[PDB]
Structure formats: C-alpha cells, structure tokens
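Everything below concerns the one structure shown next.
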There are 2 protein chains.
Amino acid sequence: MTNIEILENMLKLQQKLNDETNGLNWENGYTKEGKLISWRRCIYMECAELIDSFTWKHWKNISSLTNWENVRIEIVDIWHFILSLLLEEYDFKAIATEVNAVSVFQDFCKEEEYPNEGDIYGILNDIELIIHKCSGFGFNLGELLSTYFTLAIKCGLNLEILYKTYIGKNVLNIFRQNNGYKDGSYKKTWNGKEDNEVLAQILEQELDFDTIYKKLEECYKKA
Amino acid sequence: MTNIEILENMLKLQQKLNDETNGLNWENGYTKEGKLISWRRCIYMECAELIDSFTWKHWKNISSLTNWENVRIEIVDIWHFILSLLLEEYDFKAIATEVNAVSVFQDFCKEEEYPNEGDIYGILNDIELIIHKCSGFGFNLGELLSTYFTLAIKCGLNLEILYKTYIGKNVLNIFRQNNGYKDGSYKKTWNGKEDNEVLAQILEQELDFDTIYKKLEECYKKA
Ligand SMILES: O=c1ccn([C@H]2C[C@H](O)[C@@H](COP(=O)(O)NP(=O)(O)OP(=O)(O)O)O2)c(=O)[nH]1
Ligand SMILES: O=c1ccn([C@H]2C[C@H](O)[C@@H](COP(=O)(O)NP(=O)(O)OP(=O)(O)O)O2)c(=O)[nH]1
Ligand SMILES: [Mg+2]
Ligand SMILES: [Mg+2]
Ligand SMILES: [Mg+2]
Ligand SMILES: [Mg+2]
C-alpha cells in the first residue's frame with residue numbers, strides 16, 4: 001500500500017468505528033444517546049493521559065523508567081481523535097492527500113527512532129504544544145498534524161508502527177462498544193490484566209481485524 | 001480572620017508544604033532530588049483530573065451523576081498549584097492583597113451555589129479556558145485567578161469551603177511526603193479506601209492540622 005492508501009484506510013476504519021460508537025451523523029456534534037462530542041477535548045484529555053506515562057510529577061515516584069509500549073498506544077489513541085476531528089471538519093482520499101502533504105509526514109515514514117529517558121522533557125514540551133493548540137479555538141489542522149507527527153517521531157513511531165497499532169486499538173474500541181462500554185457494564189480488567197495490555201499481547205503476533213476481535217472475545221469470556 | 005488573612009495563611013501553608021516536598025529554593029525550578037518543577041503543567045494536569053469527575057466522555061459510562069465532594073477536592077488541588085505559581089512568580093501579605101483585588105474574588109466570598117448536572121458543560125468550558133491559558137506562555141496571573149474563582153463558584157465553593165478543604169488536603173500532602181511518596185513506597189489505598197476519601201471522612205469533624213495528621217497516621221498504620 002502507498003502511504004496515502006494507509007491513511008485512507010485509517011480514515012475508513014475511524015469512520016466505521018465512530019458510526020458504531022456514536023451513530024450516523026455524529027459529525028453534527030451529538031451521539032445518538034445525546035452526548036455532546038468535543039474532539040478538541042478528546043485530544044487534550046488523551047494528551048494528559050500520554051503525559052502520565054512519564055515521570056513528570058516532581059513529588060511522586062520520581063524514579064520510574066518509561067514504558068514506551070504504553071506510550072505507543074497513547075499516541076495511537078490521540079491519532080483516533082485527530083482522525084475524528086479531520087472527518088468532522090470534513091472523500092477519504094482527499095483528506096488523506098492533505099495529511100500526506102504536511103511536510104513532517106515524509107519524515108514520519110522513515111525508519112523509527114529509539115527514544116530514551118533523556119527525551120522526556122522535549123516530549124512533554126511537544127505534548128504541551130498540542131494541549132495548548134486544541135484547548136483553544138480556530139487553530140490550523142495542518143499545524144496540529146505537523147506537531148503531532150513531530151511528537152510521534154520523538155516517541156519512536158513511524159507510519160508502519162502507527163498503522164499496525166492503530167488497527168489493533170480500533171478493534172478493541174469496537175469490542176468495548178459491543179460489550180457495554182456506554183452503559184458502564186463493561187469490565188476493563190480481565191483477571192488482573194487491563195484490556196489494553198491483553199491487546200498489546202495479541203499485537204505481538206501479526207493478526208487481522210477479525211482474528212484480533214476473536215482473541216479479545218475469548219479472553220473477555222474469562223473475566 | 002479577614003479574607004486577606006485567610007489568603008495569607010494559605011500562602012504560608014503552601015510555602016511550608018513546598019519547602020518540605022521540594023526543599024528550600026524550589027522557586028528556582030528544581031527539587032532537591034533534581035526534578036524539574038513546572039507549576040503550569042501541575043495546573044493543566046490537575047484540570048484534566050477535575051474534568052474526569054464529569055461525564056464528559058461521549059462513549060463511556062454516559063450516565064453517571066457527579067460527585068461534588070470529589071470536585072471540591074480537585075478545585076483545592078488546583079488551588080495548591082496556583083498558590084505555588086504565585087509564590088514562584090514572587091511577602092505573603094503583598095500577594096494576598098493582590099489576590100483579594102481580583103474583581104470576582106468578592107463574589108467568591110459570598111454564600112455558595114449548589115450546582116447540578118445542568119451545569120457540567122459550562123464548568124467544562126471554564127476548565128478548558130484554564131487548561132488553554134496555563135499550557136501557553138506569558139499569561140496574566142490576574143486573569144488566571146479570575147477564571148479560577150469563576151470556576152470555583154460554578155462548582156459550589158466559596159472562600160470558607162476552599163479554606164477548610166485546603167487545610168485538610170495540605171495535611172494529606174505533608175503526610176504523603178513523610179511516608180514515601182517520592183520513592184514510590186507509599187500506599188495510596190488503605191483497606192480499599194483511597195487516602196483522599198479517608199481525608200474527606202476526617203474533614204466531616206472540624207479538626208486542626210495536627211489532629212488531622214494524627215487521624216491519617218492511625219488509618220495508614222492499618223494498611
Ligand atoms: O467516538 C469515539 C470515542 C472513542 N474513541 C476511541 C479512541 C481511543 O483509542 C479510545 C480511548 O478510550 P478510553 O478513553 O475510554 N480508554 P483508554 O483505552 O484510553 O484506556 P484507559 O481506561 O486505560 O484510560 O476511544 C473513538 O475512536 N471514537
Ligand atoms: O510541590 C508540590 C507538589 C504537589 N503538591 C500537592 C498539591 C495537590 O493537592 C497534590 C496532588 O497530588 P497528586 O497529583 O500526587 N495526587 P491526588 O491527591 O491529586 O490524587 P490521585 O492519586 O487521586 O490522582 O500535590 C503541592 O502542593 N506541592
Ligand atoms: Mg483515554
Ligand atoms: Mg489511552
Ligand atoms: Mg493530581
Ligand atoms: Mg487530585
């Protein structure tokens with residue numbers, strides 16, 4: 001697949017997931033159940049979650065090494081919400097072509113970097129830039145995307161890694177919606193392992209959408 | 001006590017807590033253990049925590065009522081970090097006098113409001129304003145304070161409530177620092193109750209700093 005085709009495929013999957021999660025015409029701002037949708041909030045909130053993967057707190061557990069696998073899933077979570085924002089702002093090929101034209105995107109398709117603990121305050125500054133942009137109004141989507149890819153590169157992702165991990169988390173997101181996430185009946189911890197970690201384990205063995213879903217269903221039945 | 005004396009007292013307590021947590025001259029940007037201090041980050045991160053007290057997620061547990069007691073402690077957490085920022089920006093009476101002169105502060109000293117579920121998206125917008133301001137650079141402290149008091153009023157606090165709850169959480173913060181919070185040895189959940197909830201229970205019975213600390217020490221020994 002070309003890079004544009006990868007992007008198109010992600011947009012298609014995001015569209016489908018958002019239709020299932022929110023009902024059709026979620027682009028107009030409300031779920032079927034009448035919850036207000038703010039992709040700006042989803043983004044800055046997920047950024048805060050990403051910040052918590054690092055030892056940013058000067059007063060608490062001040063020596064802990066980063067779990068970069070956790071960081072990778074967070075970067076993927078943010079990407080789900082950025083895709084959603086693009087879709088809302090509103091022809092997947094057209095949007096993919098625009099994303100592909102962001103200058104840093106070419107750098108993002110290269111071989112990945114291996115970050116270390118030395119890189120955390122730089123990473124944190126980049127996340128803070130995104131939180132600032134998305135918590136304000138009238139920002140430029142292209143600038144958002146640039147900053148995001150710069151961050152993703154710092155965190156050791158490239159397009160290949162993003163796509164693989166995105167496909168997996170997209171499955172888990174669909175799974176949750178089919179299993180009571182909205183009504184609060186879903187159980188997130190399965191015999192002591194968080195669903196995201198069951199997923200991370202599954203993503204060690206090169207599977208398609210439907211097979212990932214089956215493996216999740218099988219682990220969940222044991223909860 | 002006058003309102004300025006209350007403010008002065010909060011600044012004094014924050015100073016003492018920050019000296020104990022961070023060592024002297026934390027105002028210069030680093031703890032004794034060499035962790036970088038960013039009060040801007042402490043503020044926007046605590047704002048994100050406050051947002052999580054509400055049913056903001058359109059896709060998860062979409063019917064849950066707000067626990068306003070939890071909201072009150074979060075507003076108090078934010079206040080610890082705003083006090084810290086003021087101290088760093090840098091004579092407690094002088095700073096208290098400046099805070100007292102913020103126009104909305106007079107409104108904050110009046111009888112409190114009883115918020116309901118109708119008030120959440122307005123509250124969320126105000127928190128978002130604070131996240132935006134503090135995640136950027138060169139903002140005005142007075143404008144921060146105004147926005148904060150407006151939020152606090154929306155969330156059902158006034159100066160009396162803020163002060164009482166602040167004193168209590170300040171004790172718990174000192175307690176954590178004396179009991180391994182930095183080195184990660186501290187245990188946050190005590191026979192199934194989070195330390196913040198043990199505190200909230202203690203704050204039902206009108207106690208001074210030292211007596212609160214003793215009650216915490218007694219519950220913690222059972223963990
Ligand atoms: O309309 C939506 C809503 C959510 N999402 C997905 C994107 C993201 O991957 C995911 C985040 O879900 P949560 O915030 O509910 N939980 P997370 O997986 O972040 O875990 P945790 O409970 O560990 O914080 O929700 C969508 O894609 N579209
Ligand atoms: O230098 C500091 C560092 C922290 N603090 C306090 C302010 C705030 O009340 C408190 C927040 O502590 P945490 O973020 O560690 N935990 P919280 O109490 O917010 O609970 P939880 O674990 O429920 O998220 O730390 C200071 O006052 N000065
Ligand atoms: Mg999340
Ligand atoms: Mg997440
Ligand atoms: Mg906190
Ligand atoms: Mg808190």
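We label chains A, B, ... in the order they appear in the structure tokens, count residues from 1 in each chain, and number ligands from 1 in the order shown.
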
Subject >> Residue contacts of residue 213 in chain B (8 Å, only C-alpha atoms) excluding same-chain residues fewer than 5 positions away, as a PyMOL selection string >> reply: chain B and resi 171-172+175

What does the file look like for those residues with N, CA and C atoms, as a tab-separated table (two decimals), in the first residue's frame?
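Once everything was written out, this is selection.tsv:
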chain	number	residue	atom	x	y	z
B	171	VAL	N	-2.61	18.91	54.82
B	171	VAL	CA	-2.15	17.85	55.75
B	171	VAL	C	-1.83	16.54	55.04
B	172	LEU	N	-2.76	16.07	54.22
B	172	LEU	CA	-2.56	14.82	53.49
B	172	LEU	C	-1.34	14.90	52.59
B	175	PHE	N	1.61	14.53	54.81
B	175	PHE	CA	1.62	13.11	55.21
B	175	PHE	C	2.25	12.20	54.15

| message | When you look at residue 113 in chain B with a cut-off of 10 Å (counting only C-alpha atoms), what residues show up, excluding the ones that are within fewer than 4 positions of it in the same chain? I need them as a VMD selection string. | response | chain B and resid 152 to 158

Could those residues be written to a file, using C-alpha atoms, as a PDB file, in the first residue's frame?
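Listing of again.pdb after writing:
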ATOM      1  CA  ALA B 152     -14.832  27.517  41.766  1.00  0.00           C
ATOM      2  CA  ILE B 153     -18.094  29.420  42.221  1.00  0.00           C
ATOM      3  CA  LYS B 154     -19.726  27.336  39.454  1.00  0.00           C
ATOM      4  CA  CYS B 155     -18.534  24.167  41.283  1.00  0.00           C
ATOM      5  CA  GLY B 156     -20.139  25.253  44.559  1.00  0.00           C
ATOM      6  CA  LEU B 157     -17.229  26.588  46.564  1.00  0.00           C
ATOM      7  CA  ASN B 158     -16.703  29.848  48.320  1.00  0.00           C
TER       8      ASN B 158
END

### Task
Using only C-alpha atoms and all ligand atoms, find each residue with an atom at most 8 Å away from ligand 3 and format the answer as a list in words.
residues 42, 45, 46, 49, 74 and 77 of chain A

Which residues are near ligand 1 in this structure, taking near to mean any atom at most 10 Å from a ligand atom and counting only C-alpha atoms and all ligand atoms? Format them as a ChimeraX atom specification. /A:13-23,26,31,37-39,42-43,45-46,49-50,70,73-84,166,168-174,176-177,181-182,188-189,194-197 /B:57-61

Counting only C-alpha atoms and all ligand atoms, the residue among B:209, B:220, B:139, B:186 that lies closest to ligand 2 is B:186

Separating CA of residue 140 in chain B from CA of residue 97 in chain B, to the nearest tenth of an Å, is a gap of 16.4 Å

(request) In Å, rounded to a single decimal, give me how far CA of residue 134 in chain B is from CA of residue 40 in chain B. (result)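 Interatomic distance, CA of residue 40 in chain B to CA of residue 134 in chain B: 5.2 Å.
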
(Q) According to DSSP computed on the backbone, where in chain B is there strand (DSSP E or B)? Give the residues as a ChimeraX atom specification. (A) /B:30,36,189-190,193-194

Query raised in the report: Using only C-alpha atoms, which residues sit within 9 Å of residue 63 in chain A once same-chain residues fewer than 4 positions away are excluded, as a ChimeraX atom specification?
Result: /A:55 /B:182-184

Any chance you could export the current selection's N, CA and C atoms as a CSV table (one decimal), in the first residue's frame?
chain,number,residue,atom,x,y,z
A,55,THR,N,7.6,10.4,34.1
A,55,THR,CA,7.9,10.8,35.4
A,55,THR,C,7.9,12.4,35.5
B,182,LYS,N,7.7,10.2,47.2
B,182,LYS,CA,8.7,10.4,46.2
B,182,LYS,C,9.3,9.1,45.8
B,183,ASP,N,9.7,8.2,46.8
B,183,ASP,CA,10.4,7.0,46.4
B,183,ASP,C,9.5,5.8,45.9
B,184,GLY,N,8.2,6.1,46.0
B,184,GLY,CA,7.2,5.1,45.4
B,184,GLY,C,6.8,4.0,46.4
